[PDB]
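Notes follow once the structure below has been shown.
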Amino acid sequence: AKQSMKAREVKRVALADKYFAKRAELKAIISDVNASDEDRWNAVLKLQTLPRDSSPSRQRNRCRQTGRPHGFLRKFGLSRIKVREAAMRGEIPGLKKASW
Amino acid sequence: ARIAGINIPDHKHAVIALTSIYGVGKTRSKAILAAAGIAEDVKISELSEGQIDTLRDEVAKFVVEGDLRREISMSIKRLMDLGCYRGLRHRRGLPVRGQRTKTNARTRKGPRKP
Amino acid sequence: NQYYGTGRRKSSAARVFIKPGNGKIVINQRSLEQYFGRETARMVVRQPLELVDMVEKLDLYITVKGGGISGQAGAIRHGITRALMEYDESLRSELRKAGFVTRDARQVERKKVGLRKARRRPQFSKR
Amino acid sequence: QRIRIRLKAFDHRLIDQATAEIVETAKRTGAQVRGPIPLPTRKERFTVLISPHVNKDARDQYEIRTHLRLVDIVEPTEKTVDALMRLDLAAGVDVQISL
Amino acid sequence: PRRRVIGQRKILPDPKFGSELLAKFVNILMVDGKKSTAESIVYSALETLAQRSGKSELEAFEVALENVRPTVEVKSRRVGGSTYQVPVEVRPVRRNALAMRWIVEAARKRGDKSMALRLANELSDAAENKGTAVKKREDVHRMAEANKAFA
Amino acid sequence: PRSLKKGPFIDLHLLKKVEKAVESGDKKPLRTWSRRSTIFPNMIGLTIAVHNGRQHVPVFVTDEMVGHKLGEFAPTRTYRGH
Amino acid sequence: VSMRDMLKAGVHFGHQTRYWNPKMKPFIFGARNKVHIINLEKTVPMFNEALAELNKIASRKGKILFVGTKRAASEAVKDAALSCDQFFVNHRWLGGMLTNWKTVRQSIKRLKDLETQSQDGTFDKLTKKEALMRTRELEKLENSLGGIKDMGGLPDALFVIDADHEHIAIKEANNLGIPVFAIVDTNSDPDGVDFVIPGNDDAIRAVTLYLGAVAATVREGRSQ
Amino acid sequence: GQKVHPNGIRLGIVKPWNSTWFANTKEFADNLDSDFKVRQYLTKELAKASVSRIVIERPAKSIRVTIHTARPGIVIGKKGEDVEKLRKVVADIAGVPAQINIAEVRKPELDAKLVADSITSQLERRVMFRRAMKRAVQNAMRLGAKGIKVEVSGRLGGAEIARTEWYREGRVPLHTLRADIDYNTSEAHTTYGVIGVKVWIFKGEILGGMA
RNA sequence: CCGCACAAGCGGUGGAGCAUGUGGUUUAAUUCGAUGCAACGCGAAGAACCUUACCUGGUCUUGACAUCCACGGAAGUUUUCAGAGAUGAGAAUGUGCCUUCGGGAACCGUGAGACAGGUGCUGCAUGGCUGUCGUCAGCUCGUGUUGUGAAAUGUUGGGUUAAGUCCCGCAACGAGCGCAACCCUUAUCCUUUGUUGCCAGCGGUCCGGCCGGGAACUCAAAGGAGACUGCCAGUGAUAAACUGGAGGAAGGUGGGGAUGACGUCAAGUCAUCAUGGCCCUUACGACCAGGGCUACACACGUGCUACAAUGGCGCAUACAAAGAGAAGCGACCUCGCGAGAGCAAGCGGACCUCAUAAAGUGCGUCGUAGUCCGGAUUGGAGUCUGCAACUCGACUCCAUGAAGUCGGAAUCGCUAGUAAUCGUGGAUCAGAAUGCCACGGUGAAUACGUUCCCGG
Ligand SMILES: [Mg+2]
Ligand SMILES: [Mg+2]
Ligand SMILES: [Mg+2]
Ligand SMILES: [Mg+2]
Ligand SMILES: [Mg+2]
Ligand SMILES: [Mg+2]
Ligand SMILES: [Mg+2]
Ligand SMILES: [Mg+2]
Ligand SMILES: [Zn+2]
């Protein structure tokens with residue numbers, strides 16, 4: 001769709017990227033059983049200081065081929081229309097219309 | 001019967017007579033019975049006071065009947081009085097647990113209107 | 001000697017073994033009345049042998065897998081008949097005419113798209 | 001001492017040519033094979049709306065069937081393993097060699 | 001059935017009793033294939049029939065049928081512009097079905113606390129030309145003769 | 001109920017504003033977009049405007065509200081019937 | 001054929017006096033028992049003069065089409081054509097068989113292709129039901145065009161039995177200029193037959209006489 | 001109504017895929033999208049290379065592409081320098097040691113793609129579509145096809161409404177699975193807009209799979 | 001002449017509650033589109049943020065993203081200050097690499113515009129695609145002949161058929177798109193291969209196919225071979241065809257899918273995409289926070305769950321299928337009333353895990369009532385997910401205990417493994433399934449018929 005949306009998703013991804021390590025350790029700490037209760041406290045506080053788009057939740061599985069958000073084939077990440085087209089000309093190897 | 005819960009439940013299987021008490025549910029009924037140690041299907045009839053007192057005590061431990069109703073009424077009164085969202089909805093008689101305001105909410109909505 | 005079989009059904013399959021001289025029936029290391037919680041199952045598994053009238057002449061070692069108790073018992077009766085056949089081959093005709101070499105293939109159908117079931121159609125309010 | 005090789009494919013013809021090549025290279029070095037023993041091949045169904053706007057009823061069903069072969073050789077010589085090392089295959093064939 | 005006439009798949013004799021009308025019976029009373037619970041309901045009731053009616057409960061089945069079995073039916077269509085209540089006679093299998101339905105619903109409507117008790121109460125009634133099954137048979141054997149004006 | 005192993009949740013800059021209230025006391029009713037942060041015993045007897053989505057309504061904080069969240073007092077869907 | 005040879009076979013026999021055609025009066029001896037009697041005095045010389053033309057055509061490498069669709073006489077006419085290495089129509093005559101020659105040629109090609117394919121193979125590649133269906137289609141084509149698969153082109157001469165029954169064939173022939181030799185019963189219209197033989201067309205004996213004499217003279221014309 | 005795509009339905013039956021590589025769920029979407037990009041690049045650059053088939057397999061590690069076309073030495077240009085820098089750009093877009101291969105088809109008339117593409121070219125040459133498809137179908141059939149069907153769609157002749165047309169020739173049965181029917185879709189971009197074209201050729205029935 | 005067309009059945013709908021859609025109504029906004037068939041648990045296979053196009057506010061203007069030209073800087077990293085953030089001001093850190101040392105790439109910023117940008121409008125400008133008639137049996141052509149010719153013939157008639165299915169009569173015949181069939185799938189058997197699959201025979205075994213062993217059987221999955229009214233009689237133009245039987249795992253296109261001749265509907269969609277015209281461009285562009293997309297006088301649809309003793313409850317116990325999985329399934333252990341938590345095996349999986357089928361059955365209990373029915377609804381306290389569960393997530397425990405005691409007219413759906421029930425999984429997904437695509441368990445009733453309805 002709108003190129004703004006596409007680039008925006010790219011940015012969300014790259015941003016979730018370079019904070020992965022800190023997010024991991026902070027999840028650990030705040031989840032750490034028997035944390036200092038302050039180390040855990042100021043930990044979760046500092047976590048709410050990271051850029052929001054470092055979470056995976058802000059992301060949205062987006063069609064690689066089109067940028068259609070809905071009908072996301074998490075196996076191919078394509079629009080529900082595109083995966084059928086790949087079957088129609090025989091792009092996905094070995095694929096065929098099933099009949100069982 | 002003339003148990004701590006003023007109500008005189010059915011002279012039937014203990015728990016059936018117990019959950020009958022307001023504020024006493026199946027859990028409360030069986031847990032109170034566990035302390036007595038009497039059978040699940042013992043009727044109120046054929047049971048002496050020597051245990052009725054005991055169960056009256058075991059339910060005196062918990063807050064039940066009118067006292068529980070007053071606590072539930074308070075847990076909602078002040079809630080409304082704080083003007084909290086669910087309190088305003090309780091004032092408007094609305095489902096405060098986030099349900100479809102559009103249709104088939106007649107439970108708290110009440111009767112049917114055109 | 002030994003006489004085997006393979007009775008199939010909607011979702012069960014049962015190996016079958018005839019060792020003559022008896023009528024006991026070991027099934028998945030169980031006894032029939034102990035194997036099943038349903039009696040008519042035992043009845044319908046007796047049916048073929050009851051017709052051939054040879055109860056305590058051959059014991060059975062059998063093994064059924066998959067599917068539901070009825071499909072089980074059906075596969076059982078089938079493999080029974082198959083063993084009866086490969087033990088007689090004169091009574092192949094006897095059970096064919098008895099209608100026990102049927103190999104029933106009655107099976108569920110795939111749930112087709114747009115159908116609340118495999119065949120049931122949605123409650124389309126025509127009006 | 002065993003050498004196992006899984007093969008995952010999409011058509012059983014190609015995988016059959018591949019297994020033929022495998023067992024023949026095996027018997028060149030006189031390897032000791034346990035046979036193809038085809039394994040449960042996997043079937044992947046997929047139904048997607050074929051209509052861009054407002055048509056839940058219209059759907060098309062596809063499926064991927066990864067055919068599945070396994071070879072085992074209990075006495076790999078060097079002249080066995082060199083073959084799989086110097087092995088010649090197609091593209092859509094998938095190999096998985098292991099002890 | 002515009003070209004061929006199909007009906008119901010051929011029943012099989014109950015292995016537990018050897019008879020067959022019991023099989024069609026339990027199937028009419030059967031729901032979703034609740035076979036076990038349904039044969040337990042009918043066997044338990046024929047047993048106490050074999051006592052409350054003396055022996056011949058399997059024959060008391062027919063003692064109920066012939067007392068309640070319908071002889072006439074009505075089937076109206078738009079052959080010329082409107083309907084008419086026409087009495088007509090049918091082959092025995094259809095009246096088998098009707099009488100079985102009559103004693104299947106006779107038991108259910110009464111309720112009698114439990115299914116086994118309700119079924120047992122009606123089997124006797126139908127066996128002895130009283131009650132509701134033979135009564136709804138009287139309905140069809142009564143309204144039919146009054147509307148024998150034409151066909 | 002979010003959880004108990006994590007304790008309540010309140011914003012960084014909201015804590016800044018509340019500690020400004022601490023050092024200052026009764027002041028200009030602070031404002032936030034974050035109706036999600038948790039009330040704390042510090043912010044008592046004061047008020048704060050928070051965005052209804054278009055405008056920030058001032059809620060005067062009291063004790064019993066502590067521990068609750070802000071969005072339970074800042075409506076965003078209005079209604080006058082039909 | 002001599003008048004005595006015909007008469008014993010019954011060539012003089014004809015249809016009822018109720019059912020005759022007007023142009024046949026010259027060829028009719030008279031009537032007996034309300035039955036038309038054909039005159040052999042005309043029949044014999046005309047048949048001989050037609051045999052002369054048939055011998056001539058066959059002696060210049062002519063292709064001859066024997067035509068008759070009677071259910072009784074179909075095999076007789078087929079065998080008659082086989083006895084002189086010629087082509088025949090013994091089943092229902094298709095409309096425009098001669099005029100729509102191109103369609104028949106496509107049908108002839110298809111019949112040849114099916115028989116060649118069965119000999120070559122690929123029936124095993126076909127499903128057994130398909131192979132059986134292909135055999136049935138080949139049999140149907142052989143039943144329809146058994147006689148004219150090897151005709152190659154339009155014939156040089158036509159021999160017709162009961163010209164009234166086969167009137168479409170003679171109309172086609174006249175439209176093509178192909179000569180018509182025909183056994184013409186009293187009920188037929190003789191305009192379409194350039195060498196007309198008036199005689200019985202139903203009786204098996206006289207039909208076989210016609211066919212045998214024609215085939216003997218055709219083999220004679222071929223031999224040279 | 002909305003008919004079945006013919007090449008999709010005959011795939012494997014008689015039709016091979018345009019990609020073969022075996023992969024796994026992890027290395028699949030990435031894989032196929034890389035393949036998309038390389039295909040598309042080739043399409044745009046090979047607008048003149050008369051590309052008919054662009055198949056791409058990813059062997060175990062390497063990947064090879066194969067192009068069936070009709071500009072063989074032209075696709076090669078001179079010494080493959082063109083296709084050589086192509087090998088470079090495909091290795092770089094695919095991150096794989098590239099393996100370019102080409103094998104022309106001598107019967108461009110006898111595909112469904114190249115013919116429709118010529119048709120669209122002449123469509124932007126503003127030729128009359130009807131005469132164009134006539135030309136094409138006769139060339140192909142005369143050459144030895146067993147049947148051709150063509151179709152074009154959209155405001156034909158600069159129309160103010162989308163007049164369609166379909167034309168048949170020879171024999172094209174689209175319910176006999178043993179048959180081979182090459183099919184293709186293409187487009188032309190008029191000043192008035194876009195016009196679809198679809199092309200089928202039935203070329204006799206195959207016996208024994210791809211073999 | 002036809003179709004679950006009616007009929008005959010079977011279970012519903014319409015009553016209840018709840019879910020779920022739509023339209024109202026409201027909003028600052030409740031984004032757009034879908035609108036009898038052929039909209040309406042629609043597009044969405046899954047809106048807390050994101051999504052979001054929408055409101056409000058916050059801001060930007062060659063720009064979020066594209067290319068080109070300079071000017072500069074390695075690229076980077078990490079942290080502070082302010083902001084609600086978007087963002088502004090920084091401070092540190094690195095300052096490289098290929099070099100023909102001149103430059104260049106990666107990229108970063110500034111300028112400059114040449115430009116970008118649009119989910120702006122226009123499905124009556126279109127492409128592409130899909131719904132429908134309808135898998136209804138038709139639709140046509142060549143050639144022929146018929147007439148001077150509009151045309152006709154076939155395509156007709158008599159039979160017969162799932163069928164323009166077939167045959168015969170026959171100025172028609174012959175082909176083509178169809179129909180059929182070749183596909184997949186399923187039912188019998190045979191060959192091959194037998195580990196992670198099998199355990200018949202064997203011994204051992206703590207009894208666990210476990211362990212030697214076994215290759216049989218079961219499966220596995222490649223080959224196959226099969227069903228043709230082939231048989232027989234009954235018919236019947238002796239014709240097709242049909243009746244019935246035999247044989248047979250299977251019989252009369254075995255079972256099921258895939259496959260939609262034409263065309264029809266300016267059917268639907270420019271918000272998948274593509275695209276003609278216009279269309280704003282400091283904004284109809286862009287960026288951020290919050291909101292809304294979840295409102296409710298309502299209406300209308302679609303569903304779920306109930307109204308009970310074939311039931312409820314407790315205890316005991318049997319039988320499935322199909323799947324999925326490595327920022328994954330995750331057992332095991334322990335704890336926790338549970339939701340869970342910790343611990344951590346195993347497994348990219350015929351190997352580990354999910355994953356421990358429900359209905360069933362056995363036993364006891366209830367004994368018919370707004371009930372031990374029903375469970376909504378509110379209370380309390382959690383659980384878990386993610387920055388974040390007010391607006392609005394899922395989920396446990398405690399407590400409550402609405403209506404409902406079978407639902408007018410009207411009406412739906414269904415021909416066998418079907419209905420109807422009982423569970424299972426999958427897609428999408430941090431999380432969020434009564435839906436949907438799937439799977440097995442159980443397994444019915446009814447067809448006199450075509451006179452009727454509907455449609456062809
Ligand atoms: Mg765009
Ligand atoms: Mg998400
Ligand atoms: Mg719009
Ligand atoms: Mg079809
Ligand atoms: Mg018609
Ligand atoms: Mg926002
Ligand atoms: Mg919505
Ligand atoms: Mg209960
Ligand atoms: Zn005559």
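Letters A, B, ... go to the chains of the structure tokens in the order shown; residues in each chain start at 1; ligands are counted from 1 in the same order.
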Once you count only C-alpha atoms (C1' of nucleotides) and all ligand atoms, which residues end up within 8 Å of ligand 8, and could you hand them over as a PDB file with N, CA, C and O atoms (P, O5', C5', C4', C3', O3' and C1' of nucleotides), in the first residue's frame?
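For reference, selection-v2.pdb as written:
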```pdb
ATOM      1  P     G I 312     -25.601 -34.498  31.445  1.00  0.00           P
ATOM      2  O5'   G I 312     -25.418 -33.772  32.848  1.00  0.00           O
ATOM      3  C5'   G I 312     -26.018 -32.509  33.077  1.00  0.00           C
ATOM      4  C4'   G I 312     -26.183 -32.231  34.547  1.00  0.00           C
ATOM      5  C3'   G I 312     -24.995 -32.565  35.421  1.00  0.00           C
ATOM      6  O3'   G I 312     -23.955 -31.617  35.338  1.00  0.00           O
ATOM      7  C1'   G I 312     -26.955 -33.347  36.453  1.00  0.00           C
ATOM      8  P     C I 313     -22.437 -32.125  35.348  1.00  0.00           P
ATOM      9  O5'   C I 313     -22.279 -32.812  36.777  1.00  0.00           O
ATOM     10  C5'   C I 313     -22.443 -32.049  37.962  1.00  0.00           C
ATOM     11  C4'   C I 313     -22.183 -32.868  39.197  1.00  0.00           C
ATOM     12  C3'   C I 313     -20.971 -33.772  39.153  1.00  0.00           C
ATOM     13  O3'   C I 313     -19.757 -33.086  39.354  1.00  0.00           O
ATOM     14  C1'   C I 313     -22.790 -34.956  40.055  1.00  0.00           C
ATOM     15  P     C I 372     -31.774 -28.745  44.226  1.00  0.00           P
ATOM     16  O5'   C I 372     -30.375 -28.844  43.476  1.00  0.00           O
ATOM     17  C5'   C I 372     -29.630 -27.671  43.175  1.00  0.00           C
ATOM     18  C4'   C I 372     -28.339 -28.002  42.481  1.00  0.00           C
ATOM     19  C3'   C I 372     -28.469 -28.432  41.024  1.00  0.00           C
ATOM     20  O3'   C I 372     -27.319 -27.990  40.311  1.00  0.00           O
ATOM     21  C1'   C I 372     -27.482 -30.170  42.270  1.00  0.00           C
ATOM     22  P     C I 373     -27.388 -27.712  38.731  1.00  0.00           P
ATOM     23  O5'   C I 373     -28.921 -27.908  38.356  1.00  0.00           O
ATOM     24  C5'   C I 373     -29.353 -29.083  37.689  1.00  0.00           C
ATOM     25  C4'   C I 373     -29.936 -28.769  36.343  1.00  0.00           C
ATOM     26  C3'   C I 373     -29.179 -27.757  35.509  1.00  0.00           C
ATOM     27  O3'   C I 373     -28.092 -28.341  34.822  1.00  0.00           O
ATOM     28  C1'   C I 373     -31.478 -27.242  35.486  1.00  0.00           C
TER      29        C I 373
END
```
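Excluding range 122-125 of chain C and any residue on its chain fewer than 5 positions from it, the residues at most 7 Å away by only C-alpha atoms (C1' of nucleotides) are residues 115 and 116 of chain C; 412 and 413 of chain I.
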Please produce a file of those selected residues containing N, CA, C and O atoms (P, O5', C5', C4', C3', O3' and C1' of nucleotides), as a PDB file, in the first residue's frame.
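Here's the written file selection-v4.pdb:
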```
ATOM      1  N   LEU C 115     -19.463 -25.376   4.100  1.00  0.00           N
ATOM      2  CA  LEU C 115     -20.453 -26.253   4.703  1.00  0.00           C
ATOM      3  C   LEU C 115     -20.147 -26.391   6.181  1.00  0.00           C
ATOM      4  O   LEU C 115     -19.049 -26.814   6.552  1.00  0.00           O
ATOM      5  N   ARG C 116     -21.124 -26.046   7.021  1.00  0.00           N
ATOM      6  CA  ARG C 116     -20.943 -26.179   8.459  1.00  0.00           C
ATOM      7  C   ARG C 116     -20.633 -27.612   8.864  1.00  0.00           C
ATOM      8  O   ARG C 116     -20.260 -27.853  10.015  1.00  0.00           O
TER       9      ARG C 116
ATOM     10  P     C I 412     -37.513 -22.821   3.963  1.00  0.00           P
ATOM     11  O5'   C I 412     -35.928 -22.858   3.970  1.00  0.00           O
ATOM     12  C5'   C I 412     -35.200 -21.731   4.421  1.00  0.00           C
ATOM     13  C4'   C I 412     -34.118 -22.151   5.366  1.00  0.00           C
ATOM     14  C3'   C I 412     -33.421 -23.434   4.982  1.00  0.00           C
ATOM     15  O3'   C I 412     -32.418 -23.203   4.022  1.00  0.00           O
ATOM     16  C1'   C I 412     -33.964 -23.476   7.280  1.00  0.00           C
ATOM     17  P     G I 413     -32.259 -24.206   2.790  1.00  0.00           P
ATOM     18  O5'   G I 413     -31.451 -25.421   3.413  1.00  0.00           O
ATOM     19  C5'   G I 413     -30.325 -25.196   4.244  1.00  0.00           C
ATOM     20  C4'   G I 413     -29.888 -26.480   4.884  1.00  0.00           C
ATOM     21  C3'   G I 413     -30.179 -27.717   4.059  1.00  0.00           C
ATOM     22  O3'   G I 413     -29.133 -27.953   3.141  1.00  0.00           O
ATOM     23  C1'   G I 413     -30.919 -28.034   6.290  1.00  0.00           C
TER      24        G I 413
END
```
Give me the residues of chain I that have any atom at most 9 Å from an atom of chain C; for each, the nearest atom pair and the distance in Å, rounded to one decimal. Use only C-alpha atoms (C1' of nucleotides), sort by chain and number, and format it as JSON lines.
```
{"residue": "I:12", "atom": "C1'", "partner": "C:123", "partner_atom": "CA", "distance": 8.8}
{"residue": "I:13", "atom": "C1'", "partner": "C:123", "partner_atom": "CA", "distance": 7.7}
{"residue": "I:36", "atom": "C1'", "partner": "C:127", "partner_atom": "CA", "distance": 8.9}
{"residue": "I:37", "atom": "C1'", "partner": "C:126", "partner_atom": "CA", "distance": 8.6}
{"residue": "I:186", "atom": "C1'", "partner": "C:105", "partner_atom": "CA", "distance": 8.5}
{"residue": "I:187", "atom": "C1'", "partner": "C:105", "partner_atom": "CA", "distance": 5.6}
{"residue": "I:188", "atom": "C1'", "partner": "C:103", "partner_atom": "CA", "distance": 8.2}
{"residue": "I:217", "atom": "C1'", "partner": "C:15", "partner_atom": "CA", "distance": 7.2}
{"residue": "I:218", "atom": "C1'", "partner": "C:15", "partner_atom": "CA", "distance": 7.1}
{"residue": "I:249", "atom": "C1'", "partner": "C:103", "partner_atom": "CA", "distance": 5.9}
{"residue": "I:250", "atom": "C1'", "partner": "C:102", "partner_atom": "CA", "distance": 8.4}
{"residue": "I:255", "atom": "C1'", "partner": "C:105", "partner_atom": "CA", "distance": 8.2}
{"residue": "I:256", "atom": "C1'", "partner": "C:109", "partner_atom": "CA", "distance": 7.2}
{"residue": "I:257", "atom": "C1'", "partner": "C:110", "partner_atom": "CA", "distance": 8.9}
{"residue": "I:301", "atom": "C1'", "partner": "C:125", "partner_atom": "CA", "distance": 8.9}
{"residue": "I:302", "atom": "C1'", "partner": "C:123", "partner_atom": "CA", "distance": 8.6}
{"residue": "I:318", "atom": "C1'", "partner": "C:37", "partner_atom": "CA", "distance": 6.8}
{"residue": "I:319", "atom": "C1'", "partner": "C:68", "partner_atom": "CA", "distance": 5.4}
{"residue": "I:320", "atom": "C1'", "partner": "C:67", "partner_atom": "CA", "distance": 4.7}
{"residue": "I:321", "atom": "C1'", "partner": "C:67", "partner_atom": "CA", "distance": 7.1}
{"residue": "I:360", "atom": "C1'", "partner": "C:37", "partner_atom": "CA", "distance": 7.9}
{"residue": "I:361", "atom": "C1'", "partner": "C:37", "partner_atom": "CA", "distance": 4.9}
{"residue": "I:362", "atom": "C1'", "partner": "C:37", "partner_atom": "CA", "distance": 8.0}
{"residue": "I:411", "atom": "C1'", "partner": "C:125", "partner_atom": "CA", "distance": 7.6}
{"residue": "I:412", "atom": "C1'", "partner": "C:123", "partner_atom": "CA", "distance": 5.3}
{"residue": "I:413", "atom": "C1'", "partner": "C:121", "partner_atom": "CA", "distance": 6.1}
{"residue": "I:414", "atom": "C1'", "partner": "C:120", "partner_atom": "CA", "distance": 6.4}
{"residue": "I:416", "atom": "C1'", "partner": "C:106", "partner_atom": "CA", "distance": 7.7}
{"residue": "I:417", "atom": "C1'", "partner": "C:107", "partner_atom": "CA", "distance": 5.1}
{"residue": "I:418", "atom": "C1'", "partner": "C:119", "partner_atom": "CA", "distance": 7.4}
{"residue": "I:419", "atom": "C1'", "partner": "C:120", "partner_atom": "CA", "distance": 8.1}
{"residue": "I:437", "atom": "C1'", "partner": "C:113", "partner_atom": "CA", "distance": 7.3}
{"residue": "I:438", "atom": "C1'", "partner": "C:111", "partner_atom": "CA", "distance": 6.9}
{"residue": "I:439", "atom": "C1'", "partner": "C:110", "partner_atom": "CA", "distance": 8.8}
{"residue": "I:440", "atom": "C1'", "partner": "C:67", "partner_atom": "CA", "distance": 7.3}
{"residue": "I:441", "atom": "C1'", "partner": "C:68", "partner_atom": "CA", "distance": 5.7}
{"residue": "I:442", "atom": "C1'", "partner": "C:68", "partner_atom": "CA", "distance": 8.2}
```
- Hey, what's within 10 Å of residue 197 in chain G if we count only C-alpha atoms (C1' of nucleotides) and toss same-chain stuff fewer than 4 positions away? As a ChimeraX atom specification, please? /G:27,42-50,160-161,163,181-185,190,193,210
- Message: Please return as a ChimeraX atom specification the residues found within 10 Å of ligand 4, counting only C-alpha atoms (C1' of nucleotides) and all ligand atoms.
- Response: /H:174-176 /I:135,178-180,259-261
- Query: What's the 12 Å shell around residue 1 in chain B, counting only C-alpha atoms (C1' of nucleotides), without same-chain residues fewer than 4 positions away, as a ChimeraX atom specification?
  - Reply: /B:5-12,14,17-18,20-21,43-45,47-49,51-53,55-56
Let me see the file: selected residues, C-alpha atoms, as a short mmCIF file (atom, residue, chain, number, x, y, z; two decimals), in the first residue's frame.
```cif
data_model
loop_
_atom_site.label_atom_id
_atom_site.label_comp_id
_atom_site.auth_asym_id
_atom_site.auth_seq_id
_atom_site.Cartn_x
_atom_site.Cartn_y
_atom_site.Cartn_z
CA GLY B 5 -27.31 -18.91 58.01
CA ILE B 6 -30.80 -18.13 59.29
CA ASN B 7 -32.28 -19.95 56.30
CA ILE B 8 -33.65 -23.43 56.93
CA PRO B 9 -32.39 -25.30 53.85
CA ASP B 10 -33.77 -28.54 52.50
CA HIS B 11 -33.53 -31.45 54.92
CA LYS B 12 -31.40 -33.07 52.23
CA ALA B 14 -25.55 -31.72 53.42
CA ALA B 17 -28.48 -27.58 52.19
CA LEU B 18 -25.20 -25.69 52.45
CA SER B 20 -28.32 -23.01 49.66
CA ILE B 21 -26.89 -20.46 52.17
CA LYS B 43 -29.74 -35.03 55.43
CA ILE B 44 -30.32 -32.11 57.86
CA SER B 45 -32.89 -34.51 59.41
CA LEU B 47 -28.30 -35.02 62.16
CA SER B 48 -28.20 -33.71 65.78
CA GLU B 49 -27.24 -30.19 66.93
CA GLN B 51 -22.68 -30.91 64.67
CA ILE B 52 -25.01 -28.10 63.64
CA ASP B 53 -23.22 -25.92 66.18
CA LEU B 55 -20.93 -26.04 61.15
CA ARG B 56 -22.46 -22.81 62.45
#
```
- Item | CA of residue 8 in chain A to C1' of residue 285 in chain I, distance in Å rounded to a single decimal | 15.0 Å
